[PDB]
Protein chains: 2
Amino acid sequence: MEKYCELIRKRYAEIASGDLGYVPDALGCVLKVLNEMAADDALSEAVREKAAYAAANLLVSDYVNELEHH
Amino acid sequence: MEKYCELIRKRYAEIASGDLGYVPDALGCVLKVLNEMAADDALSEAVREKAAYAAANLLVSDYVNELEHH
């Protein structure tokens, strides 16, 4: 937990405490956000690429059934 | 796979084909990128928050041992 920036640590504490809700489909949640960023022309190409690669790598991994997760 | 943007589908095909490398720690890879974005003052606060929330949610989920991953 220590390696994460302040904002992630804050929001982690808030999900855990019930100040924020929790999304049980946690892999789906990360894929949704990474997909939005990858597609966001308002973001730099470097940022879009970083998001895209992490998403693609997760899909090709065995953590997700990339055809049928959602 | 169909719901993802073109960039993610392209990079997925490239990891799968060997035009790009693969990162076996796929959950670590998504957490690293989300953490970089969450901390990036060059990105809008809305974008930072979307990245932070998805990362925090993944950490609190049981997909990752958030203290001891990596």
# chains A, B, ... in the order shown; residues from 1 in each chain; ligands from 1
>>> closest_atom_pairs(of="chain A", to="chain B", cutoff="8 Å", atoms="only C-alpha atoms", output="Markdown table")
| residue | atom | partner | partner_atom | distance |
| --- | --- | --- | --- | --- |
| A:1 | CA | B:67 | CA | 5.3 |
| A:2 | CA | B:67 | CA | 8.0 |
| A:4 | CA | B:35 | CA | 6.3 |
| A:5 | CA | B:39 | CA | 6.0 |
| A:6 | CA | B:39 | CA | 7.8 |
| A:7 | CA | B:52 | CA | 6.3 |
| A:8 | CA | B:52 | CA | 4.9 |
| A:9 | CA | B:56 | CA | 7.1 |
| A:11 | CA | B:56 | CA | 6.0 |
| A:12 | CA | B:56 | CA | 4.5 |
| A:15 | CA | B:57 | CA | 7.1 |
| A:16 | CA | B:60 | CA | 7.0 |
| A:22 | CA | B:57 | CA | 6.4 |
| A:23 | CA | B:57 | CA | 6.7 |
| A:24 | CA | B:61 | CA | 7.2 |
| A:26 | CA | B:58 | CA | 5.3 |
| A:27 | CA | B:58 | CA | 7.0 |
| A:29 | CA | B:54 | CA | 5.9 |
| A:30 | CA | B:54 | CA | 5.2 |
| A:33 | CA | B:51 | CA | 6.7 |
| A:34 | CA | B:51 | CA | 7.9 |
| A:35 | CA | B:4 | CA | 6.2 |
| A:38 | CA | B:7 | CA | 6.7 |
| A:39 | CA | B:5 | CA | 6.0 |
| A:43 | CA | B:43 | CA | 7.8 |
| A:49 | CA | B:7 | CA | 7.7 |
| A:50 | CA | B:33 | CA | 6.7 |
| A:51 | CA | B:33 | CA | 6.7 |
| A:52 | CA | B:8 | CA | 4.9 |
| A:53 | CA | B:11 | CA | 6.2 |
| A:54 | CA | B:30 | CA | 5.2 |
| A:55 | CA | B:8 | CA | 6.8 |
| A:56 | CA | B:12 | CA | 4.5 |
| A:57 | CA | B:26 | CA | 6.3 |
| A:58 | CA | B:26 | CA | 5.2 |
| A:59 | CA | B:12 | CA | 7.4 |
| A:60 | CA | B:12 | CA | 6.7 |
| A:61 | CA | B:26 | CA | 6.7 |
| A:63 | CA | B:26 | CA | 7.8 |
| A:66 | CA | B:1 | CA | 5.9 |
| A:67 | CA | B:1 | CA | 5.3 |
| A:68 | CA | B:1 | CA | 7.9 |
>>> write_last_selection(atoms="C-alpha atoms", output="short mmCIF file (atom, residue, chain, number, x, y, z; two decimals), in the first residue's frame")
data_model
loop_
_atom_site.label_atom_id
_atom_site.label_comp_id
_atom_site.auth_asym_id
_atom_site.auth_seq_id
_atom_site.Cartn_x
_atom_site.Cartn_y
_atom_site.Cartn_z
CA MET A 1 0.00 0.00 0.00
CA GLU A 2 2.91 2.28 0.75
CA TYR A 4 0.73 4.20 -4.01
CA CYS A 5 0.12 7.91 -4.28
CA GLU A 6 -1.87 9.80 -1.71
CA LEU A 7 -5.04 9.89 -3.81
CA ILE A 8 -5.16 6.09 -4.18
CA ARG A 9 -4.50 5.62 -0.47
CA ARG A 11 -9.83 6.49 -1.90
CA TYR A 12 -8.83 2.98 -0.68
CA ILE A 15 -14.04 2.33 0.02
CA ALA A 16 -13.00 0.31 3.01
CA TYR A 22 -17.30 -0.90 -3.85
CA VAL A 23 -17.44 -2.47 -7.32
CA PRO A 24 -17.28 -6.24 -7.03
CA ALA A 26 -12.95 -5.12 -9.93
CA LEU A 27 -11.20 -6.32 -13.06
CA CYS A 29 -13.78 -1.66 -13.34
CA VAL A 30 -10.10 -1.31 -14.18
CA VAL A 33 -11.38 3.06 -16.90
CA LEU A 34 -8.33 2.03 -18.93
CA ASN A 35 -10.53 1.76 -22.02
CA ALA A 38 -7.09 4.76 -24.09
CA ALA A 39 -9.85 6.22 -26.25
CA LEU A 43 -5.27 12.84 -23.29
CA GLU A 49 -0.79 4.19 -25.01
CA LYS A 50 0.11 3.47 -21.40
CA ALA A 51 -3.53 2.85 -20.57
CA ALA A 52 -4.03 0.75 -23.67
CA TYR A 53 -1.05 -1.44 -23.08
CA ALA A 54 -2.02 -2.20 -19.47
CA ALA A 55 -5.53 -3.10 -20.55
CA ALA A 56 -4.44 -5.21 -23.47
CA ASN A 57 -1.91 -7.04 -21.34
CA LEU A 58 -4.57 -7.79 -18.74
CA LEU A 59 -6.96 -9.09 -21.40
CA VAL A 60 -4.38 -11.39 -22.91
CA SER A 61 -3.43 -12.62 -19.41
CA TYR A 63 -6.79 -13.12 -15.12
CA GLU A 66 -11.27 -11.47 -22.61
CA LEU A 67 -14.13 -12.61 -24.85
CA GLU A 68 -16.72 -13.00 -22.20
#
>>> select_by_dssp(residues="chain B", states="helix (DSSP H, G or I)", output="number ranges by chain")
B: 6-17, 26-38, 45-60
>>> write_last_selection(atoms="C-alpha atoms", output="compact mmCIF listing (two decimals), in the first residue's frame")
# COMPACT_ATOMS: atom_id res chain seq x y z
CA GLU B 6 -9.39 0.38 -31.45
CA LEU B 7 -6.12 1.15 -29.64
CA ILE B 8 -6.67 -1.57 -27.04
CA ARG B 9 -7.62 -4.09 -29.73
CA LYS B 10 -4.51 -3.22 -31.72
CA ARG B 11 -2.16 -3.53 -28.78
CA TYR B 12 -3.85 -6.78 -27.68
CA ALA B 13 -3.19 -8.24 -31.12
CA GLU B 14 0.41 -7.08 -30.93
CA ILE B 15 1.07 -8.69 -27.51
CA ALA B 16 -0.52 -11.87 -28.72
CA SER B 17 1.56 -11.90 -31.93
CA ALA B 26 -0.73 -8.17 -15.22
CA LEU B 27 -2.46 -6.90 -12.08
CA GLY B 28 0.77 -5.15 -11.09
CA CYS B 29 0.93 -3.60 -14.55
CA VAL B 30 -2.55 -2.13 -14.34
CA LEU B 31 -1.88 -0.87 -10.80
CA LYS B 32 1.37 0.83 -11.88
CA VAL B 33 -0.32 2.68 -14.74
CA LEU B 34 -3.36 3.65 -12.69
CA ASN B 35 -1.08 4.92 -9.95
CA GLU B 36 0.94 6.99 -12.40
CA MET B 37 -2.22 8.54 -13.76
CA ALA B 38 -3.78 9.15 -10.35
CA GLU B 45 -8.69 16.03 -11.48
CA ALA B 46 -11.60 14.02 -12.96
CA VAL B 47 -9.16 11.74 -14.82
CA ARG B 48 -6.95 11.32 -11.74
CA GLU B 49 -10.00 10.39 -9.67
CA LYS B 50 -11.27 7.81 -12.17
CA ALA B 51 -7.83 6.15 -12.19
CA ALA B 52 -7.51 6.33 -8.42
CA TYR B 53 -10.88 4.85 -7.74
CA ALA B 54 -10.31 1.89 -10.07
CA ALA B 55 -6.96 1.18 -8.49
CA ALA B 56 -8.23 1.54 -4.94
CA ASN B 57 -11.16 -0.71 -5.70
CA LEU B 58 -8.85 -3.36 -7.14
CA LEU B 59 -6.60 -3.16 -4.05
CA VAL B 60 -9.45 -3.59 -1.63
